[PDB]
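Since the structure comes first, as C-alpha cells, the remarks are kept for the end.
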Amino acid sequence: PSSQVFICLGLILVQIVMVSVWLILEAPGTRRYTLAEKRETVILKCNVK
Amino acid sequence: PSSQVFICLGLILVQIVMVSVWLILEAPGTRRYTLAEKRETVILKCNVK
Amino acid sequence: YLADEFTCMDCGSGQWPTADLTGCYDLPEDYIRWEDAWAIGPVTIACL
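From first to last, the protein sequence lines stand for chains A, B and C. Position one of the first sequence corresponds to residue 74 (the numbering used here), numbered consecutively onward. Position one of the second sequence corresponds to residue 74 (the numbering used here), numbered consecutively onward. Position one of the third sequence corresponds to residue 22 (the numbering used here), numbered consecutively onward.
This is the structure in C-alpha cells:
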C-alpha cells in the first residue's frame, strides 16, 4: 500500500525529469510551417519536429 | 499507508492545479522596474506583482 | 509583391503578398478544427 505508490511515483518522476529537460531545451513556440510547394497556407505547428 | 498519501497528494495536486492555471492566465516573464524619480536604475523583476 | 514597379519581390514562405499589390502580410494559417466534420468523431469517442 505504500511502496507500490512510491515506485509508481518514482517511475513517474523519471518521466517528469525527462519531459522537463525536453521542454527546457524546447520551450513552447509555434513554427509557421507553410507548404512552400503550395503556399497560401500556414500550419501553426509546435516548435519541435 | 494509502489514504494518508492519497489525501496529501490530493491537496498538493489542488495547489499545483491552481498555480498552473494561474501561470496559464498570467504567463511567466521578466519586467523592467525603473524609478523615474531616480533613473539609472533597472530592476529585473519576475512578471508577477 | 511589386514593391517598386520595376521590381517584383517575394514576401517569403512565412508571408504572402496582399491582393491589393500594396505589401505583404502574414500568410493565413490552417489547423484541425471542430467546425463541421473530421474532429466530431474522435471528440465524441473521447467523451464517451
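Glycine included, each C-beta is placed from N, C-alpha and C at the ideal position.
Whole angstroms is fine: what's the gap from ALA100(B)'s alpha carbon to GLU26(C)'s?
Within the second sequence, numbered from 1, the residue matching residue 100(B) stands at position 27. Within the third sequence, numbered from 1, the residue matching residue 26(C) stands at position 5. Roughly 45 Å separates the two Cα atoms.
Beta-carbon separation of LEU48(C) and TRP59(C) under 7 Å?
Taking the first residue of the third sequence as position 1, residue 48(C) is located at position 27. Taking the first residue of the third sequence as position 1, residue 59(C) is located at position 38. Not a contact, by the Cβ cut-off of 7 Å.
May I ask which residues mark the beginning and end of the beta strand (DSSP E) holding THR103(A)?
The residue given as residue 103(A) occupies position 30 in the first sequence. Note, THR103(A): beta strand (DSSP E), 103-106.
Who pairs with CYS119(B) in a beta bridge, going by DSSP?
Taking the second sequence and counting its residues from 1, the one referred to as residue 119(B) is at position 46. According to DSSP, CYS119(B) bridges with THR103(B).
For a contact defined as C-beta to C-beta under 8 Å, what are the partners of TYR52(C) on chain A?
In the third sequence, residue 52(C) corresponds to position 31, counting from 1. The contacting residues are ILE116 and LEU117.
Name the chain A residues whose beta carbon is nearer than 8 Å to that of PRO49(C)?
Taking the first residue of the third sequence as 1, we reach residue 49(C) at position 28. Going along chain A in sequence order, the residues near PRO49(C) (Cβ under 8 Å) are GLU113, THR114 and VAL115.
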